[PDB]
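Order-wise, the sequence lines are chains C, W, E, X, A and D. Just so it is clear: in the first sequence, position 94 is 94 by UniProt numbering, and no numbers are missing. Just so it is clear: in the second sequence, position 106 is 167 by UniProt numbering, and no numbers are missing. Just so it is clear: in the third sequence, position 25 is 946 by UniProt numbering, and no numbers are missing. According to UniProt numbering, the residues represented by the fourth sequence are 541 to 576, 608 to 638, in order. According to UniProt numbering, the residues represented by the fifth sequence are 3 to 34, 43 to 74, 83 to 101, in order. Just so it is clear: in the sixth sequence, position 284 is 284 by UniProt numbering, and no numbers are missing.
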Amino acid sequence: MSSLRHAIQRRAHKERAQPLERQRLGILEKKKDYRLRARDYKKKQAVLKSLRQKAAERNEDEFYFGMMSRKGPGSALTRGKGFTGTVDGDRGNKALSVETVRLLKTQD
Amino acid sequence: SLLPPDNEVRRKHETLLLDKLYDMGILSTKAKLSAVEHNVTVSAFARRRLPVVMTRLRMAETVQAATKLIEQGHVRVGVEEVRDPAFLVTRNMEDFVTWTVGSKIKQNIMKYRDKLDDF
Amino acid sequence: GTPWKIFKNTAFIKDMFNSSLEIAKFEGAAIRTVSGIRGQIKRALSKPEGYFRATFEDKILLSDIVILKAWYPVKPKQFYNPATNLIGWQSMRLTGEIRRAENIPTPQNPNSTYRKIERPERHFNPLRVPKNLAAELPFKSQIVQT
Amino acid sequence: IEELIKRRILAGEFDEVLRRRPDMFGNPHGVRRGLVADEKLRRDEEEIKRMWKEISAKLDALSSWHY
Amino acid sequence: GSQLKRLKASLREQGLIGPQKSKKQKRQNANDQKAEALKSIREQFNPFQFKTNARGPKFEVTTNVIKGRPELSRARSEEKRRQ
Amino acid sequence: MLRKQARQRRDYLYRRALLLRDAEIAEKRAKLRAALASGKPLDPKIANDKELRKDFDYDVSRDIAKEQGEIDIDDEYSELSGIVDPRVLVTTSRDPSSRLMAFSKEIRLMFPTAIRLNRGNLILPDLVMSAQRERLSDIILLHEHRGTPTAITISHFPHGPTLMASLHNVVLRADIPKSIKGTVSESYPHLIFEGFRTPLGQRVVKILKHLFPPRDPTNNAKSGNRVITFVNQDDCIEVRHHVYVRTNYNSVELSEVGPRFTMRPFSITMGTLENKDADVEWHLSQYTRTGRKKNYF
RNA sequence: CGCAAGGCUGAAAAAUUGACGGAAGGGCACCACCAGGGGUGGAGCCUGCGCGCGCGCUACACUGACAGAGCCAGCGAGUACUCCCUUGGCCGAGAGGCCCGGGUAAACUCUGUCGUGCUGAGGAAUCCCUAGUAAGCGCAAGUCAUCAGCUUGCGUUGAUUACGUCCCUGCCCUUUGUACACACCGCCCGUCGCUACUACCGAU
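What follows is the structure, given as structure tokens:
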């Protein structure tokens, strides 16, 4: 049980460190750090597998009405060197009319 | 059901009825007659209609917009344009419903994807 | 041993053996990482003499240490003093008395003495979606990055 | 392995899939296409055949002759 | 020719597979070897027991083709390791 | 066409999930039918379910048909089992060697209806595309190490399973001279399978015996002169290819005509060769504790 | 617990449906013909299979070398990746960390400078190959089996010659069935078995 064990039965076992001749390579990854690494990789691969399923089973004739108010991801040919697959969003700025810029420049 | 269970014509017409309903897309399985007991349903027919099946295929966004688009006549099923919003799309014509020839909705999709070929 | 080149699963492991004869003896052996990743010695490596290819369970890191746990037999020594006390007898000393008498310090390895390990909190990089997949997936699930 | 092959060949049992007729369902007797109470159960079977003729006509006409 | 056809032809030559002879034909056979030839047939028509090259010899010298038995050699080596 | 392949694969996966739930219910319904015929008392949780009785009255007959074996299970092979001759093409890896191309020819000649295709510069999704575009039943890919083949990939189409296996002890047809070998007879081969007993063994038996065209069942027990043998020990299926004459009613002379393998499968995926992200059905569990003790198939 | 669990013994048929062929006529095949192409086999290296054998890799010159100019890809992102080992010196009571030494393409296009100079493209055989195929080229990955002496992808450049015929070598099949009109064909052949009946021969 738990009362049938001495304090030397309860005593913790210490963890060894990376050798000092090899400490420049980083920390020695043990089971806990390996579990963190494996959890992050399995999570990222699960998201990527779901994205690959969604890109495979895509209707080529789909029509949402946000397509008339968004700029598409395009291709590398149409966009150019600045091509990421992400749809570009708006930063909030807008082209500003001349009367309001006349007001702002009088204030400045 | 009321026929005896080891009957040849019962077994043959069970397979015929289940295959016919699964080919029309009403049932989702073809291995139970309780599907025709409590799964065949006027809502199953009405969701095999055309604006709901293109809502599911994401040709439109909502069934209201889909009924508006197939009343304006952008949607063909196969090779023939469909103006009736009650055309029951079966399971093998859900692979052939698409936009019409000179469609402005098709130009909108191609203009979004930046593949607007004007030829 | 120590990893030399690390691919997705197969890692080349360097400072463990000295020759392809020793690797051919220890072919198929259950090799293990300190972290817990299992693996198997697959094939001796030709051009650096003493390295080998071992296919692991998942990707190991260059900081890791790759161990192989063999069991070497130990035979006891066949020494026998009688403790003839009424006649007289030579008593073999203990190792502490030997070290204090003939003045040799006890062997102590600094890599073996336990230390406190400063672990930084593990933060990982965000998800990096490829460009072709990110341009091919549909509108409801398209990535929006300003 | 050679003796296993010889035993199967001699007391010949082979695990090849056999060519079945494509119309085993509708034509189970395999007739040739050239020159050629229980009454309650028979009446029930004929009623189901009549019902299925009507219902199959209605379902094919409602799917608009894609079937 | 095929292996099937040459096997049938060699067994017809050795008289193991031919037509059902009458008692008069058996009288002629008892009026007028085959295991020694059947050993050669069962060795020749099962050529994968032993390792052979396909090209034949590279340079023909004339002076007066099974080059190894891998099955028998592997069984012999395993018996040596058992011992 | 491609939308139809995707739609039919999705319908197949949904029907398989519904079959899982319906099997969980139909294990309870078979106790009610056996208790009705034999009169042994059954569990109260089964006998007091009104939905189960009300639906049991309609779904007797498929359980009786499955007991008699009159119907066949929902499978990717049961649609076209003995109706169509399965066409199958054998291909190499990208830049094959001469012994890999001769081995590809040899295992083409193993199947009487197969064809061989030169890879050259052929992207693997377009290979899958051309297979579905020409309605092939099976593709088989080959991988060599250095003039000796080390892997097969048997993929069933339109959406069927892959079996990837590694080859060992390959003795080619192209090593023995033409005086001793000859042109292999192309008759429809008999098949024998020895040692497959698990449902996974019957799975690999199905995806291996639906590569061959169906034999005419009128007099197949005595006619036909060519046999192909798949026999497994320690889940490494070993395959021979013999040709035989029946030299008497009690004896038979065999003659080894084709290549010898002992292929070991390491991956059976419910999805074709292009899908690297398909859900696996079985894979060779190395680096586990008792994965070497446990024998599958 | 009961049965299984007592040795005329001493290793190496079926057939009215069967056994084997022949002749004629078809179909197919880069394991066939025909037209071409490409390997291997010559020298060296080495995995593998049993000193030998092939499979890859490398070298072998007109398709040249040197210097410039211009212009092209696709698959690839796990807080993860590193080629050794050392002469010295720094800061190091000691273990270490430093510094300085030693061992997004190839291709292609255009323009010039020099000119065959151990500075030599593989015999008999044997095998493979018919369109984005043969062949050249690089780049990337290393996915529970296999694979670094390599494997598998990915793009780039992209031909000649067949695409006919069963004449050779073969393989499969017809001569029974499986549908009916027009239309055409018109009892394929041999050696035996088995069964039924008939009479014969000679011992008991």
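Don't be surprised by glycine CBs; every beta carbon is placed ideally from N, CA and C.
*Whose Cβ in chain W lies nearer than 7 Å to the Cβ of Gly80/C?*
Residues of chain W passing the Cβ test: none, with the nearest at roughly 12 Å.
*Give the straight-line distance between the Cα atoms of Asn219/D and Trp636/X, rounded to the nearest whole angstrom.*
Annotation: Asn219/D to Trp636/X spans about 42 Å, alpha carbon to alpha carbon.
_Would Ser95/W pass as an interface residue toward chain D - the criterion being a Cβ-Cβ separation below 8 Å?_
Yes, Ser95/W lies at the interface with chain D (some Cβ there is under 8 Å from its Cβ).
*asked:* Per DSSP, what are the beta-bridge partners of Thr150/D in this structure?
replied: Its beta-bridge partners do not exist; DSSP assigns none.
*Please classify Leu1007/E: is it buried, with 16 or more other beta-carbons within 10 angstroms of its beta-carbon, or exposed?*
It counts as exposed.
*Quick one: list the residues of chain D neighbouring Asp67/W, beta-carbon separation under 8 Å, in chain order.*
Contact note: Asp67/W reaches chain D through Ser61, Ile64, using a C-beta cutoff of 8 Å and chain order.
*For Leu550/X, decide whether its Cβ has a neighbour in chain D, counting only Cβ atoms nearer than 8 Å.*
Chain D contact via Cβ: present.
*List the endpoints of the continuous beta strand (DSSP E) containing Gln132/D.*
Not the beta strand (DSSP E): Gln132/D falls in the alpha helix (DSSP H), residues 124 to 133.
_Does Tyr972/E pass the burial test, meaning 16 or more other C-beta atoms within 10 Å, or should it be called exposed?_
Buried is the label assigned to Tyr972/E, since at least 16 other Cβ atoms lie within 10 Å of its Cβ.
*According to the neighbour-count rule (16 or more other Cβ atoms, all chains shown, within 10 Å of its Cβ), is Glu24/D buried or exposed?*
By the Cβ neighbour-count rule, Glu24/D is exposed, with fewer than 16 other Cβ atoms within 10 Å of its own.
*Alpha carbon to alpha carbon, how far is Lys172/W from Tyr64/C?*
In this structure, the CA atom of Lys172/W is about 13 Å from the CA atom of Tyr64/C.
_As a quick exercise: from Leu79/W, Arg110/W, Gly86/W, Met85/W, pick the residue whose alpha carbon is nearest that of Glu98/W._
It is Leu79/W whose Cα lies nearest to the Cα of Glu98/W.
*Hey, quick one: how far does the beta strand (DSSP E) through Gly39/D stretch, first residue to last?*
Counting along the chain, no beta strand (DSSP E) covers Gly39/D, and no H or E run does either.
_Three-state class that DSSP yields for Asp138/D in the structure shown_ = Three-state DSSP puts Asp138/D in a strand.
*Between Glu69/W, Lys129/W, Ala92/W, which lies nearest to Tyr12/D when the distance is taken from Cα to Cα?*
Out of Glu69/W, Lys129/W, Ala92/W, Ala92/W has the C-alpha closest to the C-alpha of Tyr12/D.
*Beta-carbon separation of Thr272/D and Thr162/D under 8 Å?*
Their beta carbons are under 8 Å apart, which means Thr272/D touches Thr162/D by this criterion.
*asked:* Considering only heavy atoms of the ligand SAH, does any lie closer than 7 Å to the CB of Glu62/C?
replied: Summarising the ligand content, the structure contains no ligands, and the ligand SAH is consequently not present.
*Start-to-end residues for the beta strand (DSSP E) that takes in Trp925/E*: Its beta strand (DSSP E) spans residues 924 to 927.
*Indicate whether at least one CB of chain C lies closer than 8 Å to the CB of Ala6/D.*
Yes, contact with chain C.
*Which first and last residues belong to the beta strand (DSSP E) in which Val227/D is found?*
It spans 226 to 233 - the beta strand (DSSP E) in which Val227/D sits, taken as one unbroken run.
*State yes or no: is the beta carbon of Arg260/D nearer than 8 Å to at least one beta carbon in chain A?*
Yes, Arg260/D lies at the interface with chain A (some Cβ there is under 8 Å from its Cβ).
_C-alpha gap between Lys206/D and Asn232/D, whole angstroms_ = Taking the straight line from one Cα to the other gives about 15 Å.
*asked:* For a contact defined as C-beta to C-beta under 7 Å, what are the partners of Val557/X on chain D?
replied: Neighbours of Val557/X across chain D, judged by C-beta separation under 7 Å: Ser81, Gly82, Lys209, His210, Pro214.
*asked:* So for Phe266/D, helix, strand or coil by DSSP?
replied: Under the three-state reduction of DSSP output, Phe266/D falls in the strand class.
*Extent of the continuous alpha helix (DSSP H) to which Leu130/W belongs*: Per DSSP, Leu130/W belongs to the alpha helix (DSSP H) from 124 to 133.
*Could you say which of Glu1018/E, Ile1019/E, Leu1054/E, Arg964/E lies nearest to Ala975/E if we only look at CA atoms?*
For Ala975/E, the closest of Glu1018/E, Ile1019/E, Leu1054/E, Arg964/E by C-alpha to C-alpha distance is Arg964/E.
_By the 9 Å beta-carbon criterion, what residues does the segment 137 to 158 of chain W contribute toward chain D?_
Those residues of the segment 137 to 158 of chain W that come within reach of chain D (Cβ to Cβ, closer than 9 Å) are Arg152, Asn153, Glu155, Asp156, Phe157.
*Compute the beta-carbon to beta-carbon distance between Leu52/D and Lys28/D, rounded to the nearest angstrom, for a pair I have assumed lies under 8 Å.*
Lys28/D and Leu52/D do touch by the CB rule: their CB atoms are close to 7 Å apart, below 8 Å.
*Taking the alpha carbon of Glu186/D as the point to measure from, which residue in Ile107/D, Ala47/D, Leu42/D has its own alpha carbon closest?*
Among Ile107/D, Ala47/D, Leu42/D, the Cα nearest to that of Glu186/D is on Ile107/D.
*Going along chain D in order, which residues have a C-beta closer than 9 Å to the C-beta of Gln961/E?*
Here the neighbours are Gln286, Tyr287.
*For the segment 39 to 63 of chain C, which residues have a CB atom closer than 7 Å to at least one CB atom of chain W, in sequence order?*
If the cut-off is 7 Å between Cβ atoms, the segment 39 to 63 of chain C has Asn59, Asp61, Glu62, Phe63 near chain W.
*Determine whether the Cβ of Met120/W lies closer than 8 Å to any Cβ atom of chain C.*
Chain C, which has a Cβ nearer than 8 Å to the Cβ of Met120/W, makes this yes.
*Which residues in chain W sit within 7 Å of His637/X, going by Cβ to Cβ distance?*
Result: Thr151, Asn153, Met154.
*asked:* Relative to the C-alpha of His1044/E, which candidate in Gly80/C, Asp40/C, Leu25/C has its C-alpha closest?
replied: The shortest C-alpha separation from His1044/E is found at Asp40/C.
*Please say whether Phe230/D and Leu208/D have beta carbons closer to each other than 8 Å?*
Yes, the Cβ-Cβ distance between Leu208/D and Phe230/D is below 8 Å.
*For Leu64/W, go through chain X and note every residue whose CB falls closer than 9 Å to its CB, in chain order.*
Simply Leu612, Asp615, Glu616, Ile619.
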